[PDB]
Amino acid sequence: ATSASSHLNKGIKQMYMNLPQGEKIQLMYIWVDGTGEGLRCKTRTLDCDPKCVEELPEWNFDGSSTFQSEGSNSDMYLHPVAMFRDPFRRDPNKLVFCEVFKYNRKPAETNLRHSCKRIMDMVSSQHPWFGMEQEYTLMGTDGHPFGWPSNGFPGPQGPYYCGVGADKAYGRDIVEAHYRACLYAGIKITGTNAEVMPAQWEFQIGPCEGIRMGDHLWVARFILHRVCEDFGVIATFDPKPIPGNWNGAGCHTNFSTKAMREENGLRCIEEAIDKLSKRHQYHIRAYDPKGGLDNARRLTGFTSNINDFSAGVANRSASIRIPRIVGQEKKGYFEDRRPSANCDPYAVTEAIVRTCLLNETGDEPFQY
Amino acid sequence: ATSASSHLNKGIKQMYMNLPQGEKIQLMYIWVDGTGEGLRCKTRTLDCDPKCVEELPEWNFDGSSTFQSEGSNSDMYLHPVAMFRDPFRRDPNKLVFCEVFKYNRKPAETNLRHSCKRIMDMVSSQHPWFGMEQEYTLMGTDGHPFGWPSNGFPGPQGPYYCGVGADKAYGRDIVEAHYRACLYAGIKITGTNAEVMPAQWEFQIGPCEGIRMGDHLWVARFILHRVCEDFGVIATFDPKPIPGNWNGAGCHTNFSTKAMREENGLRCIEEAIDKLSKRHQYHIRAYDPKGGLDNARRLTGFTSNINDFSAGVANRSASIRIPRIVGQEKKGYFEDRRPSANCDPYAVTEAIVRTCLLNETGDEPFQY
Amino acid sequence: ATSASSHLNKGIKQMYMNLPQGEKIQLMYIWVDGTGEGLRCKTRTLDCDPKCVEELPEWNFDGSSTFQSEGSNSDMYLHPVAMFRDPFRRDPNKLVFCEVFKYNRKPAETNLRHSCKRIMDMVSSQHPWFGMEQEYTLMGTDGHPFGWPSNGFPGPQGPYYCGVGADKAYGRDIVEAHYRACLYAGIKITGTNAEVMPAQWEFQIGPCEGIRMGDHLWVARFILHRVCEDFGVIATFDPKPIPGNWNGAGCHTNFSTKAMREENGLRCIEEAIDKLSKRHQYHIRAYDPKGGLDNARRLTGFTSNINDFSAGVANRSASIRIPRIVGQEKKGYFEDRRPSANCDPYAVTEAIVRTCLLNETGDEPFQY
Amino acid sequence: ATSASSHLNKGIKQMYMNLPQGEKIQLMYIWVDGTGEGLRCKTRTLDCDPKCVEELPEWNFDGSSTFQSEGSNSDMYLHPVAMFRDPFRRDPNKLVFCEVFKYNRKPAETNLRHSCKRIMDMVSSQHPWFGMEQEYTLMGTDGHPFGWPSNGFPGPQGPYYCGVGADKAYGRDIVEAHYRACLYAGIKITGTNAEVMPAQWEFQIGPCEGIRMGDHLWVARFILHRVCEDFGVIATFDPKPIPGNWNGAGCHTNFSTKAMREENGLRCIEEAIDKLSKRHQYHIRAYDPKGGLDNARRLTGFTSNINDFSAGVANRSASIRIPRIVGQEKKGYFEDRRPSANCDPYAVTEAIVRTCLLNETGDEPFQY
Amino acid sequence: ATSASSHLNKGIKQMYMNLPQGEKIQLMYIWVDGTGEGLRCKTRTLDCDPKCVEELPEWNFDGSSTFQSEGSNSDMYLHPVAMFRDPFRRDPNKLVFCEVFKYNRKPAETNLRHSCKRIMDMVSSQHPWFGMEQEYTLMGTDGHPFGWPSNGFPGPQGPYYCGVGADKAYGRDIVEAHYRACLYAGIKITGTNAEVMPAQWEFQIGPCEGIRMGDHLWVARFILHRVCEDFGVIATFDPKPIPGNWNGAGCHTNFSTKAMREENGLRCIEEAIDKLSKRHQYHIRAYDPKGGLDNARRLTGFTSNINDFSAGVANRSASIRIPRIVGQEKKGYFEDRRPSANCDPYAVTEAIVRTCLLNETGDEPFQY
Ligand SMILES: [Mn+2]
Ligand SMILES: [Mn+2]
Ligand SMILES: [Mn+2]
Ligand SMILES: [Mn+2]
Ligand SMILES: [Mn+2]
Ligand SMILES: [Mn+2]
Ligand SMILES: [Mn+2]
Ligand SMILES: [Mn+2]
Ligand SMILES: [Mn+2]
Ligand SMILES: [Mn+2]
């Protein structure tokens, strides 16, 4: 069951997009709404052919329509912070991820990018590298996963992981289109695979230094949403898209700095793991938009326990996993398997840096 | 009845694949899962534009999701061994067939390529050439062959063999696409034809010296699976896809060495045939993933008998067939008609070489 | 009602065929099965880029699957005799019409091309030119003509002959595609038209000297079959596809030699017509694969009578028709309207030459 | 695929038929058209409430519309000869099988009942008893058997004979309704079963003395036609409804007289069998409306050969079969397995009586 | 996916069955074909209104069409042995379960009722009571269980056992109709329930002394088949209708005699259980038509192991279960959980009596 807009003749759209647009450039403005998990987009025309993000002009939108402000002063300004080519409108047009701001220049409630960027500007001396493996479930318009039998379930799990075939991988066309669009847009995407759950996939955004990780992950999520809209399906980042004995959707996070990637860098990995063991409660609170409510359906064991912390080397069921190659070479990175699929990358990255590099302690972040 | 993902608009996918990806290269990693008949695929991005297979980096995957390992140490490393262009992502992207290894560098349970490669490295002085004619049945998502009437059977056998017409060949588009993809990828494919059973086809991988035969056959199987996934059907290698008076799916194997292709080389053919007559039980055990259980439904006579060995010149019903041209010219090769359609090419090729060139005897292989 | 394979997404097939195949060349081998009216095809890969037909290698196939041989020695060799470009695989790939031979080099039962070629090698001094107007009926997979109402008939005959419009010509796309494919392949096709019966068309293969007529007609029939398979319909050459007051499908034959096309050549036309009047029974026996059984449903008068011979100038209902322009100019050719639509062109052409140029008499052909 | 009239709401028809009609009585007049295998029906209202057939009035119809007469004098009179209750209009209304007569009181071309009744009036002293097992194929409106897969065939023969289950018996509702209607109408029906061919059934009309056999069989055929019309399918009496390896539809005939059912009556069975052996050609000519043309597709062996006569005890493949119980008890009847399913019962019964009781000889019947 | 005959308008069938048939009585003859698991039915008309089974006449049928005899003497006689009212044709018509016999009065290959009846005539002094709980799976015409999602599976097992609701019980209408038909026909049916597998039900035939158990169970199976045919689904008695983690279909058997139901009758239960422990191999061979081949897919543990025998009190996983109430009261019966769902009740009952009451020993039955 696909969307009604998907059944429109795409040949007409291809013919219309084949027109030479000319000097005019369409700038698609992207930002995060008040829910903290959704995205919003609207386009504008610019004729100067800009080169840098700082050249792009500020924009404003009605925040009362995005669950971001009341009716008194509902106007919210958009400050561009990321600059990417548009894969749905080819090279001349561009994708613009923006930072939401209130009417009085204050950061919005869901605008975690301001604090995240401040933290990484503080810690840039250590060069923190992040990589997050977003896992999403391809769902039809009917609320059930794509390709799943009507009013039923497919076979048991096990053949679907990284599977090839009509009965092993559902909606691979969406994944291929999203991969090509992310490569075209300049998103630092490293790879993709099919997860254990059928119609559930994964794409790994590559090492991005600091705020670039959150920027690239958010733009990749928007690109995936637009590709699924073109194909007529819905990509949901719910941690537990289907209750029962089905694999949950999570977003593991890899963390590494200059010392952790240097020779004999395992000691810093142990220090970071101990700090995360100390701040497990804060991290699990900050690893999803609902403060652990959504992640309680994925990290239920039977995925590490939500209420119990555990770490180890090459442990799939541990909250923090050290790659076996990292332990063998005594250097590399460590993977945080706690964050959910709908987690805000800015909050996750900020919490990881605060616990590791800033030695933060307590139950609340410290304002600097 | 095709897959639900097939009904997605392919024009959108074509438009997205028309984007210039640029310097980034997608490497699709392919390996054999724990079932020994299925295949798994997942992709990664590499920016160095590699030339040789040894340059490609090693990868790891969760073996517990592919019926290959337990939960203790479920990580399995991937060692690339074959290097091919990607027909589904054009020239810059590549297909990578990999060798599965355990966490402690030991070969996996289904990783027969290690022993096969060792054997052919031993016997490379004789230059063994192999060619296997894989026969597959095009099945819809409903478990019945493609193009077959709903809840029924088509006309009797005889018009469908190498037939041309709407009512004589089912799913020829898949066969043409697979042939073009195999030619593009560099797979040494020689030809194709429609088998006696409707919707059942065949493609013959050409003479490949040693381990290249298994590599090319496995990559061709993966390419066929991906093409059928694109078209929305399922290609099954079951030896007896439909019970009753319907032709079974098998994978005949041609074998030849330097002496067997030389002048007056028929004597070596007789020696090899006698050795296979001696080791019929071992060969029939090693000619399918289930140790003769699957092949018991195809080689039931009425196809040579599974429990009875027979060989001859230009004999269709014999286990080993000498081509009539080979007998006329007193040189050439001989065909082994016993292996099933789901047989692992590595095991078949290794058994043939062990019986012929290594003069192996007994009921178990000898470890060197 | 079209075939289930037709509903497959052809965009995927176009994308796969857009790949550059490279140096490898696919040779599609074509031959006539044991029924004498059907065709069989299977392809092979050749890397030498051949120029002439004699360079192409011989092939073999299982004759027991084509109603051509018993189980004792079921292998039948294929000897290429015609060389054509492949319209379904573009210029580098080629179509190969082959001559079927038994295991002991003897011509097959349905291999009339050997005797036909011998006869025309004998009579090449007179330069016999032949042209046959094959008429076929476009039928869906349901056994009823294409575009005909479900469980019914269209309007009465008369508007459909050479008609233009949605309600006047059924399946014109197949005819256009077949015409383009025949022109691309080098088939000497002269024209096409819609016959009186709806969904029944006709294409006229042009003057081809001797065995070339049979070769080109058979290759054109195969190309039509493949085009209909691509479009999902079935092209039947039955003489009476639909019983009742509907036009039958026939294949008229034009015959001319050097003297018949020369000045004052009408006398040779009268001599040939008298010889055919003498040998009407032999010709009507040899003008269809069933020895007049199939043609008894078309040549029933109400089309000349099957049991009565008649000839004249510009007579539609006569067995032999002299074109009015030929009579006016006292030179040209004459048309034989007796052969059926499923007639073997080799047998028809051989019988015509034997009666006209070889002055054959009796009820059986004379072996030379 | 059922008829369009079948999809009409039958609840409305039931409601309308629930009305009390009153004193008026509907008389459905039945007769055989010019084809000799079809039936025609039209009704009239009579208010006298008749008791005997001779009371019913004569009727007339346009014979030019039933392939029975030319346009000069196309009126044909109907003479009622059989009297039966109407199962489609309940007890007060009646079914009337009539005898067709020309304008000049001469019997029609297809009116074999006159000669048949004369013969049995001659031979009534011997009390000939006849029973014919009509076998019919339930076909949908699309020309393919009922319940058969679209554009295909069901499983092989063997499970369908007298089968019970959804996949073993097709259209059993029609058979049950026809059995109930025949029992209600007074037709001497003995039993029913499912034949080897799927959707092919059989009903055996019981021992009827003389002309009553033909009358009851024709009325039963009409009742079956009307029941199939109500259900929306077509009951065809073609001897070979589906070409190939499928069971044909035939109408075996049992014959017995007073001496043949008496003690030590086997000698008369041998005499009758010898007479039928003598007159096999006449019988096979007179056992179908087309003079053996239709039966040539059923009695092709592989059913006794059409051109070869054979008889025996408990022989299924013999033209004449003596039941094994009859041979054991030295009395009873013998079965004639030659007549086709579309045979006229009057002609079959008349030929059997002429050969057995009247000792007729030659190639043409003798007019008395 | 239901049968095409199910979509016929049942209002017409109801109207036709509403006719008063009168004095004529339809006798439906039922017997077991050569497969040993299927059933066959065909009807005849009798006008004497019989009271007892011995009054009914013998019948004959073509055994070559039921996989029961060769073509030499294919006639097989039917001897009625059970007498039941017909629920599909109301009170006047009757159901007749018959005993198949060869042409020479010898019992057929699948006619186990003769030996079973002889054994129970021998052992009638002890009054053996049997009750078998047949479990069947309601399957559509497509080969998948009724109500299951197309190309998929429903939720996991556990809510479906004896469930009530649209999503908990599939095809309850068939079960209710079958229960009513069995009660009407006089079948000693005790109860019904829905098994763990969805669309899989169970009906328990009550205590029937000796051969009556087999008779009633076979007639109940035929009634279930006819009811499913009316509703358009297929009732399969396969031991493992769906491979995987789904409950298998079995037919447990309760056994009790006069001593076992008397006071302090537990000792005889122990003796019988010990005898069955001794003869486990013979029983498991004789508990299905395929000699343990079918039951190997159901009794695989994970249902007691097929190769391991075990017995106990109130043990679900044991081959022989003593009911807990029986152990508490020291009297009653014991349940044999080994027989499969397609088991012949005659063979099961005969084996149980031979092991228990006749003290049979060895690997083959002893002919008396
Ligand atoms: Mn992963
Ligand atoms: Mn991972
Ligand atoms: Mn082959
Ligand atoms: Mn072969
Ligand atoms: Mn014309
Ligand atoms: Mn013409
Ligand atoms: Mn019969
Ligand atoms: Mn019979
Ligand atoms: Mn139970
Ligand atoms: Mn129970």
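Residues numbered from 1 in each chain as written, not as in the entry; some residues may be left out. Chains lettered and ligands numbered in written order. Part of a larger assembly, values for the part shown. Heavy atoms only, no water. Residues with missing side-chain atoms left out of burial classes, pairs and counts.

What the entry reports as its method is cryo-EM, with 3.12 Å given for the resolution.

(A) Quick peek at the interface of chain E and chain D. Taken residue by residue, the interface counts 45 residues in chain E and 49 residues in chain D. At the boundary of chain E with chain D, total buried surface from both sides reaches about 4,300 Å², with 55% on carbon and sulfur atoms. At the boundary of chain E and chain D, one finds six salt bridges. For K10 of chain E, the salt bridge goes to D173 of chain D, with nearest N and O atoms at 3.0 Å. (Contact = heavy atoms within 4.5 Å. Buried area = accessible area lost by both parts, 1.4 Å probe. Salt bridge = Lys/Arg side-chain N within 4 Å of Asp/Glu carboxyl O.)

(B) Representation of the relation of the copies chain E and chain D. In the superposition of chain E on chain D (RMSD 0.0 Å, axial shift 0.0 Å), the rotation amounts to 72°. Put plainly, the chains are arranged around a five-fold axis. Across chain E, the smallest distance between a C-alpha and the rotation axis is recorded for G11 of chain E, namely 6.2 Å. An overlap of only 9% is found between the interface residues of chain E and their copies at the interface of chain D, pointing to separate contact surfaces. (Least-squares fit on C-alpha atoms.)

(C) Geometry of the side chain of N254 of chain C. Residues and elements named next belong to chain C. Inspection of the secondary structure assignment puts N254 in strand 11 (residues 251-256). Residue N254 is classed as buried on the basis of its relative accessible area of 13%. Ignoring any residue separated from it by four or fewer positions in sequence, one finds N254 in contact with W129, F130, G131, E133, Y333, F334 and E335. (Helix = DSSP H or I, 4+ residues; strand = E, 2+ residues; numbered from the N terminus. Buried < 20%, exposed > 50% of the residue type's maximum accessible area, 1.4 Å probe, protein only.)

(D) Quick peek at the UniProt feature "binding site: ATP" in chain A. All names here are of chain A. Taking the UniProt record as the reference, the feature "binding site: ATP" is found at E133, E202, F203, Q204, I205, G206, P207, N254, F255, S256, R316 and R321. Mapped onto the elements, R316 comes out in the loop between strand 12 (311-313) and strand 13 (320-322). When its relative accessible area of 17% is taken as the criterion, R316 is described as buried. (UniProt positions renumbered as here; feature names shortened; annotations may be inferred.)

(E) Geometry of the relation of the copies chain B and chain C. Of the transformation superimposing chain B on chain C, the axial component is 0.0 Å and the angular component is 72°, with the fit at an RMSD of 0.0 Å. Taken together, the interface assignments show that only 8% of the residues at the interface of chain B recur at the interface of chain C, consistent with different surfaces on the two copies.

(F) Looking closely at the packing of helix 3 (residues 172-185) of chain A against helix 4 (residues 211-231) of chain A. All names here are of chain A. Between helix 3 and helix 4, whose axes approach to 9 Å, the crossing angle comes to 135°. Relative to helix 4, the element helix 3 is oriented oblique. Considering how the two elements wind past one another, helix 3 and helix 4 form a crossing that is right-handed. Seen from helix 3, the contacting residues are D173, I174, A177, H178, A181, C182 and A185; seen from helix 4, they are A220, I223, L224, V227, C228 and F231. Looking at the contact of helix 3 with helix 4 residue by residue, the class counts come to eleven nonpolar, one polar and one charged. (Axes fitted to C-alpha atoms, helices over the stretch in contact; angles between N-to-C directions. Parallel < 35°, antiparallel > 145°, perpendicular 65-115°, else oblique. Left-handed = near helix turned anticlockwise from the far one by under 90°. Nonpolar A, V, L, I, M, F, W, Y, C, P; charged D, E, K, R; others polar.)

(G) Looking closely at the sheet that holds strand 4 (residues 75-85) of chain D. All names here are of chain D. Taken together, five strands build an open sheet; the order of strands is 2-1-5-4-3 and the sheet is mixed. Of all strands in the sheet, those with a lone pairing partner are strand 2 (39-46) and strand 3 (59-62), marking the two edges. When the angles between neighbouring strand axes are averaged without regard to direction, this sheet yields 40°. (Pairing = 2+ DSSP bridges.)

(H) The arrangement of the environment of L19 of chain D in detail. All names here are of chain D. In this fold, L19 is placed in the loop between helix 1 (10-17) and strand 1 (25-32). On the basis of relative accessibility, which here comes to 56%, the residue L19 falls in the exposed class. Each C-alpha atom, one on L19 and one on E271, is 57 Å from the other, the two residues being 252 residues apart in sequence.

(I) View of the packing of aromatic side chains. Per the stated rule, a full pass over the model turns up 56 aromatic pairs over all chains. Relative to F334 of chain E, the ring of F255 of chain E has its centre 5.7 Å away and its plane inclined at 90°; by these criteria the two rings are edge-to-face. On the basis of relative accessible area, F255 of chain E is assigned to the buried category, the value being 1%. Residue class for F334 of chain E comes out buried when judged on its relative accessible area of 1%. One aromatic cluster in this structure is built from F88, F222 and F231 of chain A together with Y16 of chain B. Positioned over the ring face of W59 of chain A is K42 of chain A, at 4.2 Å from the centre of the ring. Sitting over the ring of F237 of chain A, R221 of chain A keeps its end group 5.5 Å from the ring centre. (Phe/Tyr/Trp six-rings, centres within 6.5 Å; stacked < 30°, edge-to-face > 60°. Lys NZ or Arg CZ within 6 Å of the ring centre and 35° of its normal.)

(J) Quick look at helix 9 (residues 345-356) of chain A. Residues and elements named next belong to chain A. Under the 1.5 Å per step criterion, the end-to-end length of helix 9 is 16 Å for twelve residues, consistent within 8% with the ideal 16 Å. Across the twelve residues of helix 9, twelve count as buried, placing the element largely inside the fold. If you check which residues of helix 9 are buried, you get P345, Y346, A347, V348, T349, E350, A351, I352, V353, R354, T355 and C356. The opening residue of helix 9, the one whose side-chain oxygen lies 3.0 Å from the backbone nitrogen of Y346, is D344. (Expected span 1.5 Å × (residues − 1). Polar contact = N/O pair within 3.5 Å; in protein donor to acceptor, adjacent residues only side chain to side chain.)

(K) Broad picture of the nonpolar core. All names here are of chain B. Judged by nonpolar contacts, the single largest core of 85 residues is most densely connected at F97, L138, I187 and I223. When residues in this core are grouped by element, the largest group, twelve residues, is from helix 4 (residues 211-231). Those residues in contact with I223, other than ones at most four positions away along the chain, are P87, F88, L95, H178, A181, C182, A185 and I187. (Core = buried A, V, L, I, M, F, W, Y, C linked by side-chain atoms within 4.5 Å.)

(L) Quick peek at the interface of chain B and chain C. With 49 residues of chain B at the interface, the matching set in chain C holds 45 residues. Of the roughly 4,300 Å² buried between chain B and chain C on both sides combined, carbon and sulfur atoms contribute 55%. Three residues stand out in chain B for area buried against chain C, namely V164, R180 and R324 of chain B, and they jointly supply 18% of the buried area on that side. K13 of chain C is the partner of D173 of chain B in a salt bridge, and the nearest nitrogen-oxygen pair spans 3.1 Å. Counting across the interface, chain B meets chain C through 18 residue pairs in polar contact. Counting residues per element, the ones that place at least two in the side of chain B that touches chain C are helix 1 (10-17), helix 3 (172-185), strand 7 (189-194), helix 4 and helix 7 (324-329) of chain B. For the side of chain B that touches chain C, the leading source of residues is helix 3 of chain B, giving ten residues. Split into classes, the residues belonging to the side of chain B that touches chain C amount to 23 nonpolar, twelve polar and 14 charged. Relative to strand 2 (residues 39-46) of chain C, strand 7 of chain B runs antiparallel, the two being bridged by two bridges.

(M) Local environment of the pattern of salt bridges. One pass over the full model with this rule turns up 83 salt bridges over all chains. A salt bridge links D230 of chain D to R226 of chain D, with the nearest nitrogen and oxygen atoms 2.4 Å apart. Here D230 of chain D pairs with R226 of chain D, and both are found in helix 4 (residues 211-231), just four residues apart, close to one helical turn. Residue classification places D230 of chain D among the buried positions, given a relative accessible area of 6%. Three or more residues joined by partner-sharing salt bridges are found here, namely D173 of chain A together with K10, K13, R226 and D230 of chain B.

(N) View of the pairing of strand 4 (residues 75-85) of chain E. Residues and elements named next belong to chain E. Here strand 4 lies mainly inside the structure; eight of its eleven residues are buried. Relative to strand 4, strand 3 (residues 59-62) runs antiparallel, the two sharing four bridges. Its bridge partner being in strand 4, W59 is matched across the sheet by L78. Bridging between strand 4 and strand 5 (residues 94-101) involves eight bridges; their strand directions are antiparallel. Each bridged residue has a counterpart across the sheet, and for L78 the counterpart in strand 5 is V100.

(O) A look at the environment of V81 of chain B. Residue and element names in this part refer to chain B. As for its position among the elements, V81 is in strand 4 (residues 75-85). Assessed through its relative accessible area of 18%, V81 is described here as buried. Each C-alpha atom of the pair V81 and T300 lies 37 Å from the other, and the pair is 219 residues apart in sequence. Once residues within four sequence positions are removed from consideration, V81 is found in contact with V53, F97, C98, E99 and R113.

(P) Inspection of the pairing of strand 2 of chain D at higher detail. All names here are of chain D. Bridge count between strand 1 and strand 2: eight bridges; the pairing is antiparallel. In the sheet register, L27 faces strand 2, and the bridge partner there is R44. Counting the residues that bridge the hairpin from strand 1 to strand 2 gives six residues, and of these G36 lies at a positive phi of roughly 80°.

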